[PDB]
Structures are given as C-alpha cells and as structure tokens.
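Trainee: one piece of my complex first, more on the way:
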Amino acid sequence: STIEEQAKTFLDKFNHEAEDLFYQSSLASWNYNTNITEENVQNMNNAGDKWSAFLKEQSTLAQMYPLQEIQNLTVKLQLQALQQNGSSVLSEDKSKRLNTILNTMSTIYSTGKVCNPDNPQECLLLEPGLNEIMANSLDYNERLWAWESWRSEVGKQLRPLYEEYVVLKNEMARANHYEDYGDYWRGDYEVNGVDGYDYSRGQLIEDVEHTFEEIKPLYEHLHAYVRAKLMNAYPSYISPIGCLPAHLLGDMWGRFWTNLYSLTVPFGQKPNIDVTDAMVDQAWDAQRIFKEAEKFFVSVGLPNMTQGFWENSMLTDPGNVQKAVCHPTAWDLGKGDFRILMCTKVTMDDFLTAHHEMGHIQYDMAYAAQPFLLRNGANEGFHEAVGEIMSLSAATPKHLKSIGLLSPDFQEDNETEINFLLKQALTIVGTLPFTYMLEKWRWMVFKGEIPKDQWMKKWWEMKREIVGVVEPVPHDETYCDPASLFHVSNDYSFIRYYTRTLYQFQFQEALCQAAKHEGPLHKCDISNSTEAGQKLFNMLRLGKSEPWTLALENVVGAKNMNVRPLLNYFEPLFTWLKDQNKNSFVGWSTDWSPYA
C-alpha cells in the first residue's frame, strides 16, 4: 500500500536473502583465511562477486523508494545504507581501473620485498623481516637504510597509482553528492533526522582539532622525554631543540611507540608486571586463555561463548602443512556464527589480544537481534573501542592477581604505575598526532587544498608541526611515503583509531563510575560488576539502530566525543613528565637542526 510498508517488505526480503548470501561469502572468506589454497581463493572470489552483484541489484531496487516519505528511523537508516551507489555510479572502465588499482596496491604491499643494493641474493619482506629490525635494532644507519630503501621501492611504485587513486575516488565521491572522498569517510559519523542528536560531516574536523589542542601539552611533554631518552640512546644524532629522526621511533612508520619501552623506561631497576613466565610455569594453553577471558566476560554479566565458537574457531597455529593468516581477527560470519582466528602464543600481548577479540565477539553477539543491515557498530570507533576497554581492564595488575597470574605479594608502588602508564602512553597517546596528521593530510589531498606537486613539502611540514618528527633526508615528489602503510594503501579509513582512543577512555570512566571504583582510573577493573555489564549491554544491544551520539549519551551521558577521560587516565604520568622535563626543553622546532 504505502511507500513505507513497501520499503519494510523489501527490507525484510533483503535481510532474509542477504543473511544467507553473506553467510556463504563469510564462510568462503573463513575457509580462505584458515586454509590458504588456490581453490579457496577461487571460492572466495566467486562468493564475493555474487555478494557484490546481489548488493548492486538490491541497491538498484532500493533507490526506487524515496527517503523523505519514511518516518521510522530504523527503516530510514537501512534504506540510507542500502541506497548508496558505491562505485556503481562511476563508469565501468573507471570502476574496473579503480578495482585494478586497489588489487595491484594490495599485491604490491603484500608481496613487497626490499633488500640492500649489491647484496641481492636474499631479501626481507615487511612482516616479519623488516618489523623485527625496526623494533629491535639499535644501529642508526641500518634503520636508516631499511627505512629509506623501503620507502624508495614502495613509494616509487605507488606514487602514480596513488595519483590515479585520488582522482578516481574524488570522481566517485562527487558523483555520490559528496564534497570529496574525505567527506565520504566523514559521512560515517553523520547523523541526520534526530532532534538534538544530529551530527554533521564538518563538525568532525572541528571536534578533532578541539580535542587535539588539549592532547598537545601531554604529547609535547612525552615527546620531550622520548627525545631526551633517544638522545641518551643515540648520542649525536638527536638535537635538544629539534624533531626526532623518523627511522628511530621503534616501528616502520611511527604508528606505535611501544617498541621504545626498553630505551625509555623510567625505573629499569624495578621489576615489570610481565606474566609470561607465570603462564609458562603453569602450562597455560590458549584454550585456558580464552576460558579465562570467558570467565571475565561472565563475571561482568555478559553472555558466554556459544558451542559453535568452541567447535569452529582456530585458536592455535595449525602447522606447516596448513597455511593461515597470522593476524588476529574476530569473525561474525552471520546466522549466529561467531569465530576467532588467532595464532595465539603464550604471551601477555596475545592474552590482551584474546580479550580484545572476544570483546569484538561479544559486541557482534549483542546486536544479533537487530536486522541484518543494522548489524554493525553505531560508528567505526565503537566496534574497536569495546575491545580496547577489555584490553585496558585485562592488563591491570588487579586482574592478573585475581586470576592468579600475578604473585599476591607483588608490591604496587608509584614507580611501577608510572612505567606502566608510560608504556600505555607510548602505545596509545603516541599514535594520536600521527593519526590526526595523516587523516588531515588525506582530507586536504582529497579536498584539493594540497596540489599534487606539493604533497610532500606540505606533508613533512605537517609532520614537523604536528608529530614533531623530521625527515632524515629530503624527499621529492617521486616518493609516496604515506602509502607504505597497510590502511592507506588498501582504502581504509584512519580516523577510527582516534575516535577509538577517545571512546576507550570515555567508556573506561563510565564503567569504572558504574563499578564504583574509588581509586585511580588506571587501577580500575570492571570484573565482578553486573551493573557495569548492564550499562555496557544497553549500548551493545542497539548496534547501528541508534545514533552514536545517543549511544554515547546512554554510556557516558555526553552528546559528543570528549578528551578529559584520557587526560584523567594519564594525570599521574602527566605530573611525573612535567617534573622530569625541568632541565629539558618541552616542544620542538620545525627547522632542520638535528639532521637533514
């Protein structure tokens, strides 16, 4: 009869057909990921082509129902999600060119092998050949060689490809009534039609700058301390007044600073909270790790894992004969099928990753009651944030003592809390200016603020201004230094990590206030608290049915992303860094004073 009932029946038909087709596609993707064989690749490609053709035909059917004659918010949300053209609005030649460019960037990044000139008999791939060198070497020219040679090969291959990529993606985005591809990425946080809780695409950049202006003193003090420690590690290269050299940050790109914890430790004489040896002595299998994680999630009141989870997940590396992707990934295959694909070792990092991915699984299970096209996070930040809060809670010494992994006579003084908070800042705080600078640079590239002949002159200028990192030698426009990273070369949004980092500590403050923890925020554990689990599950059950602003009102009581929980989390460390930076100079100079 009416247009709304027509759309509701069409959405029911789409949900029922799409759930089975998505389950077949997801099962094929799982069979590829746990078993890398050419027939599994062919089955994955066939299922993906069927899934994409079905989405094209259903979007074509969906557009014939106009949006403004529907008043129900969930129906309008599903119709908005379905009626997106995607690449279909672009011409078939340019769509094929864009798909070819994406596939060849994927092959260049995955199969990129770089080694030293005049020694070409064997070469090292990025993972783990170059990762281990970047994370463990203490030699300046070796890291300089690896960094410059990998950005030489990868950037000189990817620069014309990226120049075509920006033009094609901008053409697709302006064909989809967006300003640029950056506006297309910012449309994930766009809320329209809700009274009071509306959020605009232009408000996201302003909120990111407003939060980063409060990030900046803490990052300046952390950068000064890391600069002083790297000056101790490398005596003559680092200047007291200048930026840090790019190849010395402990990772390939500067994404995380967590590999500098050995060099920048405050109190090396004091012990660590490493629980690896304790699990090795008690012979803790990965099955025991996941069962302890399940015990954590039942202690807070969340549902326990299904029988199909324990039957169908791969929680151990299969062997030499069977090939699998080593990256930990939680899979919501559809129809109540939840699995974790992780090559779990007996380490603290794998235990925290197991908690993170089981948080992903709990988030996926919570919105199983929702319709199929609403089975997602409210934004891209919440989905990662609900895993990162489990990573926060599981890493506490109280949680390790509670499960027996830490000695009950371990002395928790202020020095161990300072060095733990510094490690968490190197992991968490250090990625924020890099993320903000990278996303702002990509937004200015898509918007046309930066011309193609001026991409790198601005970029290093941004990196000196924001990240406080100087180039070792100047790079011309034959280089493509951003696209050496996984997410940018494979068409992924990067602001999800910034929003995830702020939502992480906002959720942490909300659940610790729910759990009535009376001490420091980093000393807080959300186990044994039914009300914290209920407050979590109220947002978790919504999925994508409600706006992320309303979900944030449901958790923390605020309508916008906030920066104060992060500063409250690191406030003892902030005072300690302000005490330690009396002799040294906080802040950096954008000039070429260390090295160029």
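Mentor: Nice, I can see it. Numbers count the residues shown, from 1 in each chain, chains lettered A, B, ... in the order given.

Trainee: how near is residue A:239 to residue A:594?
Mentor: 4 Å (CB to CB, to the nearest Å). Bear in mind the C-beta positions are built from the backbone N, C-alpha and C, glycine included.

Trainee: am I right that residue A:498 is in a helix?
Mentor: Yes - assignment of residue A:498 by DSSP: H, G, I helix; E, B strand; the rest coil places it within a helix.

Trainee: was I right to think it contacts residue A:432?
Mentor: Yes - contact criterion CB atoms under 8 Å: residue A:498 and residue A:432 qualify, at 6.3 Å.

Trainee: quick one, strands of chain A?
Mentor: A:113-114, A:124-125, A:244-245, A:329-334, A:337-341, A:469-470 (DSSP state E).

Trainee: quick one: which of the ones you listed is nearest residue A:308?
Mentor: strand A:337-341 (6.0 Å; CB to CB).

Trainee: what is the closest one packed up against?
Mentor: The criterion is 3 or more CB pairs under 8 Å, 6 or more residues apart in numbering; DSSP states H and E, and the helices and strands that strand A:337-341 contacts are helix A:3-34, helix A:307-312, strand A:329-334, helix A:348-366.

Trainee: mind saving the C-alpha coords of that strand as CSV?
Mentor: What follows is strand A:337-341, C-alpha atoms only, in CSV (Å, rounded to 0.1, in the frame of the first residue of the first chain):
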residue,chain,number,x,y,z
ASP,A,337,28.2,-18.0,13.9
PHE,A,338,31.0,-16.3,15.8
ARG,A,339,34.6,-17.3,15.5
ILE,A,340,38.1,-16.1,16.4
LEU,A,341,41.1,-16.7,14.0
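
Trainee: from the chain's centroid, how far away is it?
Mentor: Distance of strand A:337-341 from its chain centroid, counting by CA atoms, centre = their mean, to the nearest Å, is 19 Å.

Trainee: add chain B to the structure above, sequence below:
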Amino acid sequence: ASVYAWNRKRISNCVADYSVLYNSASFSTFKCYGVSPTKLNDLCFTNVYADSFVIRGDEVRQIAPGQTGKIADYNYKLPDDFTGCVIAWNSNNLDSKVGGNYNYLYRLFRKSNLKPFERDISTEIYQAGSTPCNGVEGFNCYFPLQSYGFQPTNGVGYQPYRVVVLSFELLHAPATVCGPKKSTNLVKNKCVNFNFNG
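Mentor: One more piece, chain B, placed on the ones above:
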C-alpha cells in the same frame, strides 16, 4: 514438513502414553498450555491433532498463544484458548548438511494474519504495491515462500528445530484417545478394593 505446509496427523482409537514423551531427555521444549503434563497420562480425549514442522531456533518462542512474528502471522497460528502441548527439539544432526539444507520453506508475506489451525499452501505472488504483479516477481511483487538456510556450524538460535504441537479437544463424540490404564499385580484371598474395567 515445511512450516507453511505443516503436516497434521489426526490421532484416534489408541492409547496415548505421555510419560514416555515427558521423561525423554531428547526434547528441548515441552511447554504445555492449558493442561499439566502430570495429568495428561490419566485424562481421555476425543482426538489428538499432531502438527509437525521445522523452524529456526529463535522461532520456537513464537509457537505459543498470543505471540507475534512471521511464523505466527503468516505460517502457523495458534488460538489464544489453546489446550495442548508444544514439543520442540534440536535437529542440527539430521536437518543440516555441509552444503546447506534449503529444503525447508516458510511463507514470508501474506496480506492478513492466519486464522488458528490454518494451512496456507498458496504460491501466488504477494502484492505489496499498487501495481499488478501479473504472476512475475518484479518490483513491489515478491514470491512469498523463502528457503531456510540450515548449516551445521550455525548458532543455536539458527539451528533447525523440529516442532510437534499436540492439540487436545473434547467433542460430544465418545472420547477414544485415553491415557494408559495402569495395572497392579493380582492378590487373591484378601479383602481388597478391586477396580476391574471401571
């Protein structure tokens, strides 16, 4: 059978032993509405209607009086004043295959809700819009029967469940479906209370 074309077997002229069903450990749901399981084995009924079908795990709750859903409105409707028992059990072992078992269908759309104990096996195109369907599934016109996807790796809310609903009615005709006539060993030469065939 499929839930749209649920099998109905009329049970008459025999002894119905309900304790065998009740004490079985193979059934996940044995929810009785309007009568208790303990006195089923004693009472007698004129006829027993056994409706058999397969549904999903999450759809077992909809087989009850007063419920709302796809199954209740468009596939199988129970009256509010229903006397009988709903028995459901998991059948992932039998009704799920590795390729996917698509042999079970359900009606997805109908103009109006079903009457109690009604079977709809019509395969006419549902008209959701003003335009005539003309027998072809195009725009605003959908085929009402959709296949169930049953895989052995699915969750318990998506695994196939075989449901048998027993409907007990009393009519003015002589009731012949009676419960078991329990007997005890015969004792002679003592003053006992005898009950021989009523």
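
Trainee: please re-evaluate what packs on strand A:337-341 in the presence of chain B.
Mentor: Counting by 3 or more CB pairs under 8 Å, 6 or more residues apart in numbering or on different chains; DSSP states H and E, the packing neighbours recorded for strand A:337-341 are helix A:3-34, helix A:307-312, strand A:329-334, helix A:348-366.

Trainee: partners of the spatially most central residue of chain B in the sheet?
Mentor: Closest to where the C-alpha atoms of chain B average out (CA atoms, centre = their mean) is residue B:165, at 2.8 Å. In this entry, residue B:165 is beta-bridged to residue B:51, residue B:86, by DSSP bridges.

Trainee: check contacts around it.
Mentor: The contact partners of residue B:165, by CB atoms under 8 Å, 6 or more residues apart in numbering or on different chains, come to B:49, B:50, B:51, B:63, B:78, B:84, B:85, B:86, B:87.

Trainee: you'd agree the third one is up against residue B:76?
Mentor: Yes - contact between residue B:51 and residue B:76 holds when scored by CB under 8 Å: they sit 7.2 Å apart.

Trainee: for chain B, which segments count as strands?
Mentor: B:7-11, B:29-33, B:44-45, B:47-55, B:84-90, B:105-107, B:126-127, B:141-142, B:145-147, B:161-169, B:177-178.

Trainee: deepest of those strands, which one?
Mentor: strand B:105-107 (a mean of 22; mean count of other CB atoms under 10 Å in any protein chain shown).

Trainee: so which elements touch that strand?
Mentor: strand B:145-147.

Trainee: hmm, the strand it packs on in reach of chain A?
Mentor: Yes - remark: strand B:145-147 sits within contact range of chain A at residue B:146, by CB under 8 Å from any CB of the partner chain.

Trainee: is it true that residue A:359 touches residue A:394?
Mentor: No - the pair residue A:359 and residue A:394 fails to qualify as a contact (CB under 8 Å) at a distance of 9.4 Å.

Trainee: okay, these two: which has more neighbours?
Mentor: Neighbour count, other CB atoms under 10 Å in any protein chain shown: between residue A:359 and residue A:394, residue A:359 has more, with 28 against 25.
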